[PDB]
$ cat query02.cif   # mmCIF, C-alpha atoms and all ligand atoms; chains and numbers go by the auth columns
data_model
loop_
_atom_site.group_PDB
_atom_site.id
_atom_site.type_symbol
_atom_site.label_atom_id
_atom_site.label_comp_id
_atom_site.label_asym_id
_atom_site.label_seq_id
_atom_site.Cartn_x
_atom_site.Cartn_y
_atom_site.Cartn_z
_atom_site.B_iso_or_equiv
_atom_site.auth_seq_id
_atom_site.auth_asym_id
ATOM 1 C CA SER A 1 -16.440 10.968 -5.651 0.00 1 X
ATOM 2 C CA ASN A 2 -15.489 10.363 -9.304 0.00 2 X
ATOM 3 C CA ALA A 3 -12.423 10.624 -11.595 0.00 3 X
ATOM 4 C CA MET A 4 -13.337 14.049 -13.046 0.00 4 X
ATOM 5 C CA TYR A 5 -10.327 15.892 -11.623 0.00 5 X
ATOM 6 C CA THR A 6 -6.882 17.169 -12.646 0.00 6 X
ATOM 7 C CA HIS A 7 -3.573 16.663 -10.876 0.00 7 X
ATOM 8 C CA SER A 8 -2.149 20.138 -10.855 0.00 8 X
ATOM 9 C CA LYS A 9 1.645 20.597 -11.101 0.00 9 X
ATOM 10 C CA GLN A 10 2.557 20.169 -7.421 0.00 10 X
ATOM 11 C CA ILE A 11 6.129 18.826 -7.215 0.00 11 X
ATOM 12 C CA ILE A 12 8.127 18.602 -3.988 0.00 12 X
ATOM 13 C CA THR A 13 11.904 18.187 -4.215 0.00 13 X
ATOM 14 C CA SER A 14 14.537 16.908 -1.751 0.00 14 X
ATOM 15 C CA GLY A 15 17.884 15.026 -1.734 0.00 15 X
ATOM 16 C CA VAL A 16 20.763 16.246 -3.929 0.00 16 X
ATOM 17 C CA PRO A 17 20.286 19.651 -5.660 0.00 17 X
ATOM 18 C CA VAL A 18 19.369 18.646 -9.187 0.00 18 X
ATOM 19 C CA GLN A 19 22.192 20.585 -10.873 0.00 19 X
ATOM 20 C CA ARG A 20 24.761 18.477 -8.990 0.00 20 X
ATOM 21 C CA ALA A 21 22.983 15.113 -8.940 0.00 21 X
ATOM 22 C CA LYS A 22 24.280 12.050 -10.796 0.00 22 X
ATOM 23 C CA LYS A 23 20.879 10.342 -10.397 0.00 23 X
ATOM 24 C CA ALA A 24 17.248 11.138 -9.642 0.00 24 X
ATOM 25 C CA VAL A 25 14.323 9.317 -8.139 0.00 25 X
ATOM 26 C CA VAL A 26 10.619 9.907 -8.748 0.00 26 X
ATOM 27 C CA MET A 27 8.737 8.921 -5.552 0.00 27 X
ATOM 28 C CA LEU A 28 4.980 8.299 -5.698 0.00 28 X
ATOM 29 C CA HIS A 29 2.857 8.318 -2.549 0.00 29 X
ATOM 30 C CA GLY A 30 -0.096 6.105 -1.794 0.00 30 X
ATOM 31 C CA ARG A 31 -3.845 6.713 -1.461 0.00 31 X
ATOM 32 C CA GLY A 32 -4.574 9.456 1.089 0.00 32 X
ATOM 33 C CA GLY A 33 -0.831 10.112 1.321 0.00 33 X
ATOM 34 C CA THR A 34 1.466 13.047 0.695 0.00 34 X
ATOM 35 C CA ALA A 35 4.667 13.854 -1.128 0.00 35 X
ATOM 36 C CA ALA A 36 6.319 14.913 2.164 0.00 36 X
ATOM 37 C CA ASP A 37 5.383 11.477 3.598 0.00 37 X
ATOM 38 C CA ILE A 38 6.859 9.381 0.776 0.00 38 X
ATOM 39 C CA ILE A 39 10.081 11.457 0.731 0.00 39 X
ATOM 40 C CA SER A 40 10.760 10.396 4.324 0.00 40 X
ATOM 41 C CA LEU A 41 11.583 6.915 2.924 0.00 41 X
ATOM 42 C CA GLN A 42 14.985 8.447 2.108 0.00 42 X
ATOM 43 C CA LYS A 43 15.746 7.814 5.801 0.00 43 X
ATOM 44 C CA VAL A 44 15.847 4.025 5.110 0.00 44 X
ATOM 45 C CA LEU A 45 16.297 3.666 1.318 0.00 45 X
ATOM 46 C CA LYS A 46 19.756 4.249 -0.219 0.00 46 X
ATOM 47 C CA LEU A 47 18.839 7.444 -2.140 0.00 47 X
ATOM 48 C CA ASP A 48 21.646 9.693 -0.937 0.00 48 X
ATOM 49 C CA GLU A 49 23.024 10.272 -4.496 0.00 49 X
ATOM 50 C CA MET A 50 19.592 11.146 -5.925 0.00 50 X
ATOM 51 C CA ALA A 51 17.768 14.357 -6.619 0.00 51 X
ATOM 52 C CA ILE A 52 14.347 13.432 -5.168 0.00 52 X
ATOM 53 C CA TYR A 53 11.124 14.500 -6.911 0.00 53 X
ATOM 54 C CA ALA A 54 7.761 13.623 -5.359 0.00 54 X
ATOM 55 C CA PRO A 55 4.626 14.908 -7.115 0.00 55 X
ATOM 56 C CA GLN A 56 1.615 15.528 -4.874 0.00 56 X
ATOM 57 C CA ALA A 57 -1.743 14.060 -5.922 0.00 57 X
ATOM 58 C CA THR A 58 -4.795 16.277 -6.012 0.00 58 X
ATOM 59 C CA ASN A 59 -7.264 14.917 -3.418 0.00 59 X
ATOM 60 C CA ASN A 60 -4.231 13.032 -2.032 0.00 60 X
ATOM 61 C CA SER A 61 -5.248 10.250 -4.428 0.00 61 X
ATOM 62 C CA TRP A 62 -4.011 9.396 -7.948 0.00 62 X
ATOM 63 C CA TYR A 63 -7.348 7.936 -9.041 0.00 63 X
ATOM 64 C CA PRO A 64 -10.651 7.398 -7.156 0.00 64 X
ATOM 65 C CA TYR A 65 -11.228 3.621 -7.178 0.00 65 X
ATOM 66 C CA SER A 66 -9.371 0.299 -6.950 0.00 66 X
ATOM 67 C CA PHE A 67 -6.547 0.019 -9.475 0.00 67 X
ATOM 68 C CA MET A 68 -8.527 -2.963 -10.774 0.00 68 X
ATOM 69 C CA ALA A 69 -11.794 -1.107 -11.372 0.00 69 X
ATOM 70 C CA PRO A 70 -12.828 -0.829 -15.067 0.00 70 X
ATOM 71 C CA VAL A 71 -10.231 1.653 -16.134 0.00 71 X
ATOM 72 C CA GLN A 72 -12.714 4.171 -17.569 0.00 72 X
ATOM 73 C CA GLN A 73 -14.080 4.643 -14.003 0.00 73 X
ATOM 74 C CA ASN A 74 -10.604 5.901 -13.013 0.00 74 X
ATOM 75 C CA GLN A 75 -10.426 8.306 -15.943 0.00 75 X
ATOM 76 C CA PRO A 76 -9.603 11.160 -16.542 0.00 76 X
ATOM 77 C CA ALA A 77 -7.771 11.274 -13.153 0.00 77 X
ATOM 78 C CA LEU A 78 -5.468 8.391 -14.158 0.00 78 X
ATOM 79 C CA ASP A 79 -4.423 10.052 -17.456 0.00 79 X
ATOM 80 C CA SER A 80 -3.871 13.226 -15.453 0.00 80 X
ATOM 81 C CA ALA A 81 -1.709 11.286 -12.954 0.00 81 X
ATOM 82 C CA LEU A 82 0.337 9.751 -15.828 0.00 82 X
ATOM 83 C CA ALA A 83 0.751 13.209 -17.376 0.00 83 X
ATOM 84 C CA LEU A 84 2.173 14.616 -14.125 0.00 84 X
ATOM 85 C CA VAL A 85 4.694 11.760 -13.719 0.00 85 X
ATOM 86 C CA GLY A 86 5.687 12.387 -17.335 0.00 86 X
ATOM 87 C CA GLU A 87 6.161 16.122 -16.588 0.00 87 X
ATOM 88 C CA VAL A 88 8.436 15.240 -13.649 0.00 88 X
ATOM 89 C CA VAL A 89 10.512 12.887 -15.862 0.00 89 X
ATOM 90 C CA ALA A 90 10.709 15.591 -18.541 0.00 90 X
ATOM 91 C CA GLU A 91 11.903 18.168 -15.965 0.00 91 X
ATOM 92 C CA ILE A 92 14.617 15.805 -14.709 0.00 92 X
ATOM 93 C CA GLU A 93 15.862 15.132 -18.236 0.00 93 X
ATOM 94 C CA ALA A 94 15.885 18.896 -18.946 0.00 94 X
ATOM 95 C CA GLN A 95 18.131 19.344 -15.856 0.00 95 X
ATOM 96 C CA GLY A 96 20.587 17.027 -17.627 0.00 96 X
ATOM 97 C CA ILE A 97 19.938 13.678 -15.881 0.00 97 X
ATOM 98 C CA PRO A 98 19.360 10.984 -18.545 0.00 98 X
ATOM 99 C CA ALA A 99 16.526 8.442 -18.136 0.00 99 X
ATOM 100 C CA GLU A 100 19.062 5.666 -17.469 0.00 100 X
ATOM 101 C CA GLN A 101 19.952 7.464 -14.194 0.00 101 X
ATOM 102 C CA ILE A 102 16.278 8.018 -13.245 0.00 102 X
ATOM 103 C CA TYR A 103 14.777 5.691 -10.636 0.00 103 X
ATOM 104 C CA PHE A 104 11.149 5.242 -9.572 0.00 104 X
ATOM 105 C CA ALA A 105 9.765 4.246 -6.175 0.00 105 X
ATOM 106 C CA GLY A 106 6.115 3.883 -5.187 0.00 106 X
ATOM 107 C CA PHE A 107 3.993 2.254 -2.489 0.00 107 X
ATOM 108 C CA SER A 108 0.519 0.810 -3.016 0.00 108 X
ATOM 109 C CA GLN A 109 -1.494 3.266 -5.201 0.00 109 X
ATOM 110 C CA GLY A 110 1.873 4.903 -6.017 0.00 110 X
ATOM 111 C CA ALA A 111 3.420 1.511 -6.928 0.00 111 X
ATOM 112 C CA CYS A 112 0.555 0.859 -9.367 0.00 112 X
ATOM 113 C CA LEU A 113 1.058 4.308 -10.895 0.00 113 X
ATOM 114 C CA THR A 114 4.825 3.667 -11.016 0.00 114 X
ATOM 115 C CA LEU A 115 4.350 0.386 -12.936 0.00 115 X
ATOM 116 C CA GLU A 116 1.676 1.829 -15.238 0.00 116 X
ATOM 117 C CA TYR A 117 3.769 4.863 -16.138 0.00 117 X
ATOM 118 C CA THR A 118 7.039 3.052 -16.684 0.00 118 X
ATOM 119 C CA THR A 119 5.410 0.223 -18.709 0.00 119 X
ATOM 120 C CA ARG A 120 3.573 2.685 -20.998 0.00 120 X
ATOM 121 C CA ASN A 121 6.946 4.417 -21.438 0.00 121 X
ATOM 122 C CA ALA A 122 9.483 1.595 -21.228 0.00 122 X
ATOM 123 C CA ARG A 123 13.115 2.469 -21.799 0.00 123 X
ATOM 124 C CA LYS A 124 16.385 2.032 -19.941 0.00 124 X
ATOM 125 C CA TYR A 125 15.817 3.481 -16.484 0.00 125 X
ATOM 126 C CA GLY A 126 18.058 3.411 -13.408 0.00 126 X
ATOM 127 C CA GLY A 127 15.674 1.095 -11.562 0.00 127 X
ATOM 128 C CA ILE A 128 12.014 0.714 -10.626 0.00 128 X
ATOM 129 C CA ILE A 129 10.710 -0.123 -7.144 0.00 129 X
ATOM 130 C CA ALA A 130 7.048 -1.113 -6.820 0.00 130 X
ATOM 131 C CA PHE A 131 6.195 -1.859 -3.185 0.00 131 X
ATOM 132 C CA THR A 132 2.824 -3.683 -3.277 0.00 132 X
ATOM 133 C CA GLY A 133 1.482 -2.742 -6.680 0.00 133 X
ATOM 134 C CA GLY A 134 0.479 -4.005 -10.107 0.00 134 X
ATOM 135 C CA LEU A 135 -0.398 -2.775 -13.585 0.00 135 X
ATOM 136 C CA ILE A 136 -3.725 -0.920 -13.746 0.00 136 X
ATOM 137 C CA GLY A 137 -7.210 -1.923 -14.994 0.00 137 X
ATOM 138 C CA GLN A 138 -9.890 -4.574 -14.580 0.00 138 X
ATOM 139 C CA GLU A 139 -8.605 -5.937 -17.914 0.00 139 X
ATOM 140 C CA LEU A 140 -4.933 -5.491 -18.811 0.00 140 X
ATOM 141 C CA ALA A 141 -4.783 -3.385 -21.956 0.00 141 X
ATOM 142 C CA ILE A 142 -1.493 -4.606 -23.482 0.00 142 X
ATOM 143 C CA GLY A 143 -1.842 -2.176 -26.376 0.00 143 X
ATOM 144 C CA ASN A 144 -0.897 0.680 -24.012 0.00 144 X
ATOM 145 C CA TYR A 145 2.486 -0.825 -23.194 0.00 145 X
ATOM 146 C CA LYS A 146 5.336 0.299 -25.415 0.00 146 X
ATOM 147 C CA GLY A 147 9.104 0.368 -25.336 0.00 147 X
ATOM 148 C CA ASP A 148 11.914 -1.884 -24.109 0.00 148 X
ATOM 149 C CA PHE A 149 13.341 -1.792 -20.597 0.00 149 X
ATOM 150 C CA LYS A 150 16.866 -2.719 -21.808 0.00 150 X
ATOM 151 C CA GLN A 151 17.364 -4.826 -18.648 0.00 151 X
ATOM 152 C CA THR A 152 16.157 -2.114 -16.183 0.00 152 X
ATOM 153 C CA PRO A 153 16.159 -3.709 -12.714 0.00 153 X
ATOM 154 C CA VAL A 154 12.598 -3.849 -11.310 0.00 154 X
ATOM 155 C CA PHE A 155 11.509 -4.908 -7.814 0.00 155 X
ATOM 156 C CA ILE A 156 7.856 -5.818 -7.391 0.00 156 X
ATOM 157 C CA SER A 157 6.352 -7.106 -4.165 0.00 157 X
ATOM 158 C CA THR A 158 3.073 -7.851 -2.486 0.00 158 X
ATOM 159 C CA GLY A 159 1.728 -9.743 0.484 0.00 159 X
ATOM 160 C CA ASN A 160 -0.315 -12.916 0.322 0.00 160 X
ATOM 161 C CA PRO A 161 -3.170 -12.714 0.744 0.00 161 X
ATOM 162 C CA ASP A 162 -3.846 -8.992 0.207 0.00 162 X
ATOM 163 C CA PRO A 163 -7.432 -7.863 -0.487 0.00 163 X
ATOM 164 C CA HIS A 164 -6.158 -4.768 -2.368 0.00 164 X
ATOM 165 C CA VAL A 165 -3.689 -6.442 -4.742 0.00 165 X
ATOM 166 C CA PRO A 166 -4.301 -10.020 -5.758 0.00 166 X
ATOM 167 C CA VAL A 167 -1.154 -12.094 -6.211 0.00 167 X
ATOM 168 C CA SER A 168 -2.560 -12.956 -9.668 0.00 168 X
ATOM 169 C CA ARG A 169 -2.174 -9.320 -10.834 0.00 169 X
ATOM 170 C CA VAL A 170 1.406 -9.075 -9.544 0.00 170 X
ATOM 171 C CA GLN A 171 2.175 -12.314 -11.524 0.00 171 X
ATOM 172 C CA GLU A 172 0.526 -10.839 -14.649 0.00 172 X
ATOM 173 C CA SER A 173 2.533 -7.631 -14.182 0.00 173 X
ATOM 174 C CA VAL A 174 5.771 -9.613 -13.868 0.00 174 X
ATOM 175 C CA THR A 175 4.980 -11.530 -17.075 0.00 175 X
ATOM 176 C CA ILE A 176 4.426 -8.278 -18.997 0.00 176 X
ATOM 177 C CA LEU A 177 7.539 -6.611 -17.498 0.00 177 X
ATOM 178 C CA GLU A 178 9.653 -9.655 -18.385 0.00 178 X
ATOM 179 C CA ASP A 179 8.276 -9.688 -21.949 0.00 179 X
ATOM 180 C CA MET A 180 9.347 -6.045 -22.244 0.00 180 X
ATOM 181 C CA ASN A 181 12.878 -6.950 -21.174 0.00 181 X
ATOM 182 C CA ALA A 182 12.937 -5.689 -17.591 0.00 182 X
ATOM 183 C CA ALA A 183 15.262 -7.552 -15.166 0.00 183 X
ATOM 184 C CA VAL A 184 12.489 -8.465 -12.713 0.00 184 X
ATOM 185 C CA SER A 185 12.719 -9.445 -9.034 0.00 185 X
ATOM 186 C CA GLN A 186 9.330 -10.533 -7.696 0.00 186 X
ATOM 187 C CA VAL A 187 8.904 -11.240 -4.010 0.00 187 X
ATOM 188 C CA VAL A 188 5.650 -12.312 -2.387 0.00 188 X
ATOM 189 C CA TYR A 189 5.469 -12.145 1.410 0.00 189 X
ATOM 190 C CA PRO A 190 2.927 -14.635 2.844 0.00 190 X
ATOM 191 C CA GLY A 191 1.011 -13.105 5.779 0.00 191 X
ATOM 192 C CA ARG A 192 2.714 -9.687 5.582 0.00 192 X
ATOM 193 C CA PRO A 193 0.420 -6.716 6.362 0.00 193 X
ATOM 194 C CA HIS A 194 -0.244 -4.030 3.752 0.00 194 X
ATOM 195 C CA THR A 195 2.995 -2.165 4.357 0.00 195 X
ATOM 196 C CA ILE A 196 6.669 -1.851 3.432 0.00 196 X
ATOM 197 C CA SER A 197 8.507 -4.539 5.416 0.00 197 X
ATOM 198 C CA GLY A 198 12.108 -4.094 6.608 0.00 198 X
ATOM 199 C CA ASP A 199 13.073 -7.046 4.399 0.00 199 X
ATOM 200 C CA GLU A 200 11.842 -5.199 1.287 0.00 200 X
ATOM 201 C CA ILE A 201 13.883 -2.146 2.263 0.00 201 X
ATOM 202 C CA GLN A 202 17.125 -4.149 2.714 0.00 202 X
ATOM 203 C CA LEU A 203 16.510 -6.143 -0.439 0.00 203 X
ATOM 204 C CA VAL A 204 15.947 -3.019 -2.519 0.00 204 X
ATOM 205 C CA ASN A 205 19.078 -1.410 -1.028 0.00 205 X
ATOM 206 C CA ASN A 206 21.230 -4.443 -1.912 0.00 206 X
ATOM 207 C CA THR A 207 19.855 -4.794 -5.452 0.00 207 X
ATOM 208 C CA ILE A 208 18.071 -1.932 -7.252 0.00 208 X
ATOM 209 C CA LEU A 209 19.904 0.694 -5.173 0.00 209 X
ATOM 210 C CA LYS A 210 23.264 -1.130 -4.966 0.00 210 X
HETATM 211 NA NA NA B . 21.790 1.343 -8.205 0.00 1 D
#
$ encode --input "query02.cif" --output "C-alpha cells" --more "lines below"
Ligand code: NA
Amino acid sequence: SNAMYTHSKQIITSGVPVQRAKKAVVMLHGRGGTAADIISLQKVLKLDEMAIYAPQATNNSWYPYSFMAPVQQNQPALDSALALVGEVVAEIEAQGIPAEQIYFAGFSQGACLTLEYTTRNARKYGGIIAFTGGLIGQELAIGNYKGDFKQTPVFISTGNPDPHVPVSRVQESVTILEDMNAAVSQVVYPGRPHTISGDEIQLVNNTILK
C-alpha cells in the first residue's frame, strides 16, 4: 500500500497487574503479526515479574516496506509507530514503574522498531532484546539518536545470511548502541532461519532477564 496510516491506541496487557509490578516489558510483534502472538513468548522468556504491554499495529504492520527502504517511504507510519511505543512507555511510567525497570522485546519488524525507539530515546532501561533487527533507514540518520543508555544491557541478534537484515546493518547498529553507552551483546547465527532460536531464548534468560 503506502505509509499513509496511523497506529491507533491499541494496547494489550498481560503478566503482573501493573499496580503490583516491579518491572514492565514492552513487546513488539513482527510484520503481519499480533500483540496476542508476541505475548505468548512469556511462555519461554523469563518475564514472570513484568507487567506486559504489547501494542497492536494497524494493518498488523509497523511500517509498509523494508526497514532499509528510504525512510521517507515508511513515513508517516513509522513516526506513528514510534509515537505509540512512546505512549506505552509514558503509561508505564505514570503507573509508577521507572524507565530503569522497563524492558523491551521485539522480533524482526518489532526488533527494528524496538532499536529505533530506544536509540532515539536512550536512557537507563531495564534491558533491550532485539531478536533479528537493526536500526531503521536506507541511510542511518545519526542526528535522530539522543540520550545515554547508562550501561543498559542490550541483546541484538541476526542470522547469516538473512535477506531481510544484512549482517552489516546489525554491526552498524551495535556500533551506534556502543557509542551511546549501551552494554551490548551481539550474536550472529550462521545458517539460522529467520526465527527466534532456542539458544537466543536461553541466552536472553541468563543475561538480560537474569
Ligand atoms: Na534482569
$ atom_distance --input "query02.cif" --atom1 "CA of residue 148 (chain X)" --atom2 "CA of residue 54 (chain X)"
24.7 Å
$ resolve_selection --input "query02.cif" --expression "the PyMOL selection byres (((chain X and resi 198-201) around 9) and not hetatm)" --output "short mmCIF file (atom, residue, chain, number, x, y, z; two decimals) with C-alpha atoms, in the frame of the given file"
data_model
loop_
_atom_site.label_atom_id
_atom_site.label_comp_id
_atom_site.auth_asym_id
_atom_site.auth_seq_id
_atom_site.Cartn_x
_atom_site.Cartn_y
_atom_site.Cartn_z
CA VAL X 44 15.85 4.03 5.11
CA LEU X 45 16.30 3.67 1.32
CA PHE X 131 6.20 -1.86 -3.18
CA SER X 157 6.35 -7.11 -4.16
CA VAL X 187 8.90 -11.24 -4.01
CA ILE X 196 6.67 -1.85 3.43
CA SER X 197 8.51 -4.54 5.42
CA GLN X 202 17.12 -4.15 2.71
CA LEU X 203 16.51 -6.14 -0.44
CA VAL X 204 15.95 -3.02 -2.52
CA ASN X 205 19.08 -1.41 -1.03
CA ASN X 206 21.23 -4.44 -1.91
#
$ atom_distance --input "query02.cif" --atom1 "CA of residue 96 (chain X)" --atom2 "CA of residue 146 (chain X)"
23.9 Å
$ residues_near_ligand --input "query02.cif" --ligand "ligand NA 1 (chain D)" --cutoff "6 Å" --atoms "only C-alpha atoms and all ligand atoms" --output "PyMOL selection string"
chain X and resi 208-210
$ closest_residue --input "query02.cif" --among "X:105, X:113, X:156, X:21" --to "residue 132 (chain X)" --atoms "all atoms listed in the file"
X:156
$ closest_atom_pairs --input "query02.cif" --of "region 44-79 of chain X" --to "region 165-181 of chain X" --cutoff "10 Å" --atoms "only C-alpha atoms" --output "CSV"
residue,atom,partner,partner_atom,distance
X:66,CA,X:165,CA,9.1
X:67,CA,X:165,CA,8.5
X:68,CA,X:165,CA,8.5
$ resolve_selection --input "query02.cif" --expression "the PyMOL selection byres (((chain X and resi 62) around 12) and not hetatm)" --output "number ranges by chain"
X: 2-8, 28-35, 55-61, 63-67, 74-85, 106, 108-114, 116, 136
$ atom_distance --input "query02.cif" --atom1 "CA of residue 123 (chain X)" --atom2 "CA of residue 39 (chain X)"
24.4 Å
$ closest_residue --input "query02.cif" --among "X:182, X:47, X:141, X:36" --to "residue 125 (chain X)" --atoms "only C-alpha atoms"
X:182
$ axis_aligned_box --input "query02.cif" --around "region 105-116 of chain X" --padding-each-side "3 Å" --output "AutoDock Vina command-line options"
--center_x 4.1 --center_y 2.6 --center_z -8.9 --size_x 17.3 --size_y 10.5 --size_z 18.7
$ residues_around --input "query02.cif" --residues "residue 98 (chain X)" --least-positions-apart "2" --cutoff "12 Å" --atoms "all atoms listed in the file" --output "VMD selection string"
chain X and resid 21 to 25 89 to 96 100 to 103 123 to 126
$ closest_residue --input "query02.cif" --among "X:161, X:184, X:138, X:194" --to "residue 73 (chain X)" --atoms "only C-alpha atoms"
X:138
$ decode --input "query02.cif" --residues "region 138-166 of chain X" --atoms "C-alpha atoms" --output "tab-separated table (two decimals), in the first residue's frame"
chain	number	residue	atom	x	y	z
X	138	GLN	CA	18.40	3.18	3.93
X	139	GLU	CA	20.88	5.71	5.39
X	140	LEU	CA	21.42	5.81	9.15
X	141	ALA	CA	20.37	9.25	10.35
X	142	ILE	CA	22.59	9.64	13.45
X	143	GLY	CA	21.07	13.03	14.21
X	144	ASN	CA	17.89	11.27	15.41
X	145	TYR	CA	19.72	9.36	18.13
X	146	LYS	CA	19.84	11.07	21.50
X	147	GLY	CA	20.48	10.14	25.10
X	148	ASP	CA	22.78	7.80	27.02
X	149	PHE	CA	21.97	4.18	27.80
X	150	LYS	CA	23.86	4.29	31.14
X	151	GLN	CA	25.03	0.69	30.56
X	152	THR	CA	21.55	-0.71	29.66
X	153	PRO	CA	22.06	-4.36	28.68
X	154	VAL	CA	21.10	-4.90	25.01
X	155	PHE	CA	20.89	-8.20	23.12
X	156	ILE	CA	20.92	-7.98	19.33
X	157	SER	CA	20.92	-10.98	17.03
X	158	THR	CA	20.51	-11.99	13.43
X	159	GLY	CA	21.18	-14.94	11.18
X	160	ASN	CA	23.81	-15.08	8.48
X	161	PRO	CA	22.96	-14.77	5.73
X	162	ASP	CA	19.48	-13.21	6.09
X	163	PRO	CA	17.93	-11.46	3.07
X	164	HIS	CA	15.81	-9.24	5.37
X	165	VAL	CA	18.53	-7.97	7.71
X	166	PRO	CA	22.07	-7.73	6.42
